[PDB]
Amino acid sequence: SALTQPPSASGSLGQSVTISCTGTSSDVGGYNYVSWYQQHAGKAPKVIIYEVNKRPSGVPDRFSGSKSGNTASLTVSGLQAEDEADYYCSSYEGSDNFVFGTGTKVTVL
């Protein structure tokens, strides 16, 4: 029981990176309650997106979410050096329960 994410992804500075988060019709595909977290090495996780494509305050406009079917995604557009980090998704999966993805390490070329 984990959501599927690519282990790693790279992009050039100023370009975009997209990270997918694939589950099933019982979680990612069944609800609009996908969240994304950014974690720099040895630091606490930052909430970047909730409810598929809502941003907390302080998250730049260049981070966005989308979802189609059983796959949600996070795009980091206008890639900056500080965007190098591990990124995790999560979903609601029914009955007051949540499930996390396995994480993607994003590097800048």
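A residue's number is simply how far along the shown sequence it sits, counting from 1.
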Quick one: say whether 94 to 102 or 12 to 20 has the higher mean Cα B-factor in the deposited entry. 94 to 102
Of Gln39, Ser26, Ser35, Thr75, which one's C-alpha B factor is largest in the deposited record? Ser26
So where's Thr4 on the chain's Cα temperature factor ranking, which third? lowest
Name the third of the chain's ranked CA B-factors that contains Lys43, choosing lowest, middle or highest. highest
